Structures are given as C-alpha cells and as structure tokens.
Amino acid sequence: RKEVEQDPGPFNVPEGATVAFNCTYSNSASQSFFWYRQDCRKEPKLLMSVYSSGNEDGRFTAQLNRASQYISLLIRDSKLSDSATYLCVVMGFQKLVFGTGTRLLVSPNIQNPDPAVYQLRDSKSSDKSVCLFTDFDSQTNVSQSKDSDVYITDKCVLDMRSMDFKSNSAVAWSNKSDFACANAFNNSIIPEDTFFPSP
C-alpha cells in the first residue's frame, strides 16, 4: 500500500450536509498530521493540525487515532466554497508525505428546478453555436458527447449573491452546420420535462 491512503473517488455532497474524510498512514512512528485544501490547478493551503483530542475550529474537526492509525476531517454545514481537494499530510522523521487527496464537490439545493436547454444567440465573431442546459436539479449528471465535433463541459455552479439564487448549467457547442440543441445532450440522462424552446 501507499504510505498515506485517502478516500478515492469524488465526494458529491449537498450544501448544508456534513462530510467525513478518512485517511490512514502506515508508519506508526509518524509524529504530526495535517489537512490541506487545494483548488483545481492551484496550490495547497494549510487547513488545520490533527490532534488526538480532536482539534475543533468552527465548522471543522480533525481527529487522530494512533491505535488504528486513522486520520479524519469533519466539515459541518458544508458550503459551496468548501468545494476543493482535501489532502491528508503526514510528518515522520525527515519525511513529509502528501496524500493524493479526496475531491469534494458541494452541490446547491435547487428548490424549484426548471430544466431547460436554450440556444444562445450566435456570436458574429464565431463559427460556433452554443446550447445552454441550465436550472436543473443537482442530481442530474451531464455526460460527454459521442460526436467528436460536439464539445460538452462539466456541470458548473454559479451563485447570484444579490438575488440569493444558485443554478447549475452545462454548455455544449459545435461548428457543424447540423448542430442543434434538441439532441446536443442526447448522451446524457436529462429530465423528461426539460424545456426545449425553439431557437
């Protein structure tokens, strides 16, 4: 096994829920333990140290169990800004090991979902056409396109803070002459009540 092992696949958690990260280390002589947070394509930032008694700091709790050699991080009342990769870091004699991390994705609670695919206005400086799948519930998953000439992004969460409104969206685009929003997301399981207004 690796010296530091963490939860593998991504954590998809609804906003407001409590999330538990787990990490194990093999070297029983390990002296100090830390959690770091890292945004995509960015640098890690120290979050907290880990103590046997359980270091508590606001919504965060980090605990150590030397008998089982387990490290845990608890985040209560998760927010969208918590979305990041969380790295378990273990300090031994002349060795500081960074785990490969556990990616956390915090989803908004969409109270009144209104799923729709809109064809945006063409740009006059572009050969491409854009379709916007938006206002769907956080349980909806967006798949990648089968046609090599159609590009579909992953789901993104925007937050209109002045109106206190959150929404998911995914973008599809192509420069093919036969491109249309009616079938752009055909490889995705989308709600059957999705609004497909005429362009």
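We number the residues from 1 along the sequence you see.
Per the PDB record, of the two stretches 71 to 79 and 120 to 128, 120 to 128 carries the greater mean B-factor over its C-alpha atoms.
Judged by mean Cα B factor in the deposited record, 54 to 62 ranks above the other of 54 to 62 and 25 to 33. If you compare the C-alpha temperature factors of 158, 170, 47, 150 in the entry, 150 comes out highest. Sort the modelled residues of the chain by CA B factor and residue 174 lands in the highest third. Split the chain's modelled residues into thirds by C-alpha temperature factor. Residue 17 is in the middle one.
Among all modelled residues in its chain, residue 194 ranks in the middle third by Cα B-factor. Annotation for residue 141: C-alpha temperature factor in the highest third relative to the rest of the modelled chain, per the entry. Ranked within its chain, residue 100 lands in the lowest third, by CA B factor from the PDB record.
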